[PDB]
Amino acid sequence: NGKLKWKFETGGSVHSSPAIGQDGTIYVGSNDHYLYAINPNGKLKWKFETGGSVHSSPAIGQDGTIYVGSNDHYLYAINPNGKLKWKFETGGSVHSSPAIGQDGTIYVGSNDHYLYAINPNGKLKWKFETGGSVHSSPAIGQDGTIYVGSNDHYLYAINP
């Protein structure tokens, strides 16, 4: 009906877009450098501290892993219990929101002008160099093509 259910106060602006897990958990980043996990009733499950503002929006893997980028140049992979799985350091701020492929590959852009393809274990698959910062979030076609925009005015289409 448009009536407020609840509101959860974070330490800074919430520009990240919330993701909903399989168990109804809500994951969202905040300007206060934290990735929040909130129960459906409005109470905090846990919060993970990164080095910088978390403007990227979280993605949830098939195994429940939460993937999100941060202003500290890292792409974070966090287990549903709030413990860190691995973190991949890029060359610039990761404001792009990660996308997960059919084989589990994590795609995300970074301020370092690169689009990163990362294995689920945390190892680099490949990185494509664009002309400018990649703040757009990648999309994956049915054939596996990765589409993402870049600051160099181009929308890219890249093989798996």
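Heads up: residue numbers just count along the shown sequence, starting at 1.
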- Task: Averaging only over Cα atoms, indicate whether 42-50 or 107-115 has the higher B-factor in the PDB entry.
- Result: 42-50
- Query: What stretch has the higher average Cα B-factor here, 140-148 or 11-19?
  - Reply: 140-148
- Residue, from 124, 59, 134, 28, that the PDB entry assigns the highest Cα B-factor: 124
- Message: Split into thirds by Cα B-factor across the chain's modelled residues, where does residue 96 land: lowest, middle or highest?
- Response: lowest
